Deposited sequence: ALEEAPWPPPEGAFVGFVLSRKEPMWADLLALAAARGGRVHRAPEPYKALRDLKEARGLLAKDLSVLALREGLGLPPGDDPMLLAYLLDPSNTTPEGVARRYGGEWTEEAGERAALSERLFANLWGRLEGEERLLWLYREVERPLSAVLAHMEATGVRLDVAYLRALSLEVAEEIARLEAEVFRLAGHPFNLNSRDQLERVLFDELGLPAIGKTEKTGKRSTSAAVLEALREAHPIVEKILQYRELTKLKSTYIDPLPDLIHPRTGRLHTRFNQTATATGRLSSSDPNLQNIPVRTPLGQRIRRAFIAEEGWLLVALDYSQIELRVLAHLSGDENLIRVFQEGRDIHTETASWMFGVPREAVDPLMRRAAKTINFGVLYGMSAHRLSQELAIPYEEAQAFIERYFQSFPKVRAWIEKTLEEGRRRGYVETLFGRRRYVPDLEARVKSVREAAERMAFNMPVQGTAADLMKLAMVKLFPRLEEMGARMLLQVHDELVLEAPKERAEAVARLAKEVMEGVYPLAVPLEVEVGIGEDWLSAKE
């Protein structure tokens, strides 16, 4: 079925890259398949100009590359998106191909023919599934195009700043290390958890708290060291060393080396079919886990800056998962809190009775989260420095204040056992087979994954939809969408329009989809990521 290039319109494209990252890859081959007929392009780059849309497996990748080359080529249909909506465990072409009667190879033609077959088989599986079809048409397909532009745009990084920070951090690392060696009486590789384990529990007299999952080594995790804070002066220094070496090795050092030559900016990949809940993920580099919670983290956030003459706009959905929970469960007390414009964490702790709003909120905050994950009392203790007794109680009072949440959890599990899957507000599905496992530990783990999904997944849907609606508006205002961090959006705007952009973006996000409770958005504007988050 070999015909000369070019191919008819609407043909499924197949491409081969020298590496997985579209912004860094050489385009090795380009082929298209239509009516079982395969066309292979003599010169991939030149041939790119003939396409008016990228339709096929991993379409966003080819689109990102086209944008890199100055071509306005939009991603279209992608069988990966259909498969992922059918079952979120469909995360790769290799896995998908197998499951649905194909073979993911390394040739552009075969890949183009794989795309065709796969789209047929998957689309047919989606007839009658009108809610998934809605997700595909109204969210995932348009979203892929938005993500393609975010990836091609990238974000500006202050390299000189990071270079200087690295040298300072290094100095502090050496001092902590030297001190650790002093307390240990001898040098050793502090980055080796095995060597550290012997030092702490064999050479020093320190008690071993917990063991590691796979190999049963005496754990040296932060949880363990924290609980060992005042059993010996050395552990305190090890925690500081760990924080500093984590951020230096993971962010401070690698990021400056990843700046693209043409753009002078940092380009991440927004993976659209990689999670079980419907969230995006970010990789190569991951810009969804840039530090922020510690002073040194905040200093790292400062490295992310606006282009000169522009500003960063950062928008954050307040407590979106709790709000989704209020809607899903219908809990009146919970809904009331939000509709009255109250702050749940300050309200939730108010039910340490006798205080409308005086007491630490980070406890009520720790609790609310613990509810989302199925956290047990024993965990609240370590995560609150509170005796096991006062933890188990804190949890019971919660389900008294918010009864319908428990009812919703129970109902979600029961339905999940029935149908074999649970679903988001919009109908996104996750299959959770182990709900009927006969080992309690396995069964209950499955239950936590099961009831968390509708909460995490609805919040993901709301944000995705918000991005879809917001993107066209930004273009008209001459603004850029840069990053998404699950419940946050980071935009780039010309200094003069930043304020106007902030108003608009905020409103679009808050109105994305009216629920039983309002969606509130914190918005900030600044020269860098740190100052943009108020």
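> Could you list, start to end, the deposited-sequence stretches with no C-alpha atoms?
Holes in the chain trace, numbered from 1: 1 to 2, 361 to 364.
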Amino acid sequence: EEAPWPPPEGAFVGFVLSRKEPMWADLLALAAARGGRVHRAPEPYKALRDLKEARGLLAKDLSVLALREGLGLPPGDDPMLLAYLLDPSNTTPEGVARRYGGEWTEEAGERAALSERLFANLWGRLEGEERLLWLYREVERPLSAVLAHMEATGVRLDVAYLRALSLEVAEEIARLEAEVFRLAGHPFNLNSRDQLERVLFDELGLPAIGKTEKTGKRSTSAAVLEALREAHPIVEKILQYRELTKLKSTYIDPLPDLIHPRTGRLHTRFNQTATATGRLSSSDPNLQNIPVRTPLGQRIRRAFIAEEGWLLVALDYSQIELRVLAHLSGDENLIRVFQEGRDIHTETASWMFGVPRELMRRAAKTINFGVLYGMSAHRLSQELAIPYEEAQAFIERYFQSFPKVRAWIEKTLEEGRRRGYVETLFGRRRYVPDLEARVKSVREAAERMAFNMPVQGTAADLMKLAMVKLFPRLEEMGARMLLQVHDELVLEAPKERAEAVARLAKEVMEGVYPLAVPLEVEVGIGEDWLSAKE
From here on, numbers count along this sequence of modelled residues.
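Rigid core here is just the name for the largest C-alpha set that superposes within 1.5 Å across the two forms.
> 468 to 476 versus 32 to 40: which one's CA atoms end up farther from this form in 8 other deposited structures of this protein after a core fit?
Between the two stretches, 32 to 40 moves farther in 8 other deposited structures of this protein.
> Find the stretch among 128 to 136 and 201 to 209 with the larger RMS C-alpha deviation in 8 other deposited structures of this protein, all structures being superposed on the shown form by the rigid core.
Once the core is superposed, the stretch further away in 8 other deposited structures of this protein is 201 to 209.
> Taking only the CA atoms, which stretch has the higher mean B-factor in the record, 232 to 240 or 138 to 146?
Per the PDB entry, the higher value belongs to 232 to 240.
> Quick check: 347 to 355 versus 294 to 302, which has the larger average CA B-factor in the record?
So the stretch with the higher mean C-alpha B-factor is 347 to 355.
> Just to confirm, going by the entry's C-alpha B-factors, which of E383, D253, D194, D434 comes out highest?
By C-alpha B-factor in the record, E383 ranks first.
> Considering only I320, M375, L81, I259, which residue's Cα atom bears the greatest B-factor as recorded?
Of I320, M375, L81, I259, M375 has the highest C-alpha B-factor.
> For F119, return the chain-relative third of its C-alpha B-factor as stated in the PDB record: lowest, middle or highest.
As the PDB entry reports it, the C-alpha B-factor of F119 lands in the highest third of its chain.
> Test of reading the entry: by CA B factor among the chain's modelled residues, which third contains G309?
Middle third - that is where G309 ends up once the chain's C-alpha B-factors are sorted.
> Looking at the C-alpha B-factor of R156, is it in the lowest, middle or highest third of its chain?
Lowest third.
> Would you mind ranking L425 by its C-alpha B-factor against the rest of the chain and naming the third, lowest, middle or highest?
Its C-alpha B-factor belongs to the middle third of this chain's values.
> Ordered by C-alpha B-factor within the chain, which third holds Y513? Give me lowest, middle or highest, please.
Its C-alpha B-factor, which the entry lists for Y513, ranks in the middle third among residues of this chain.
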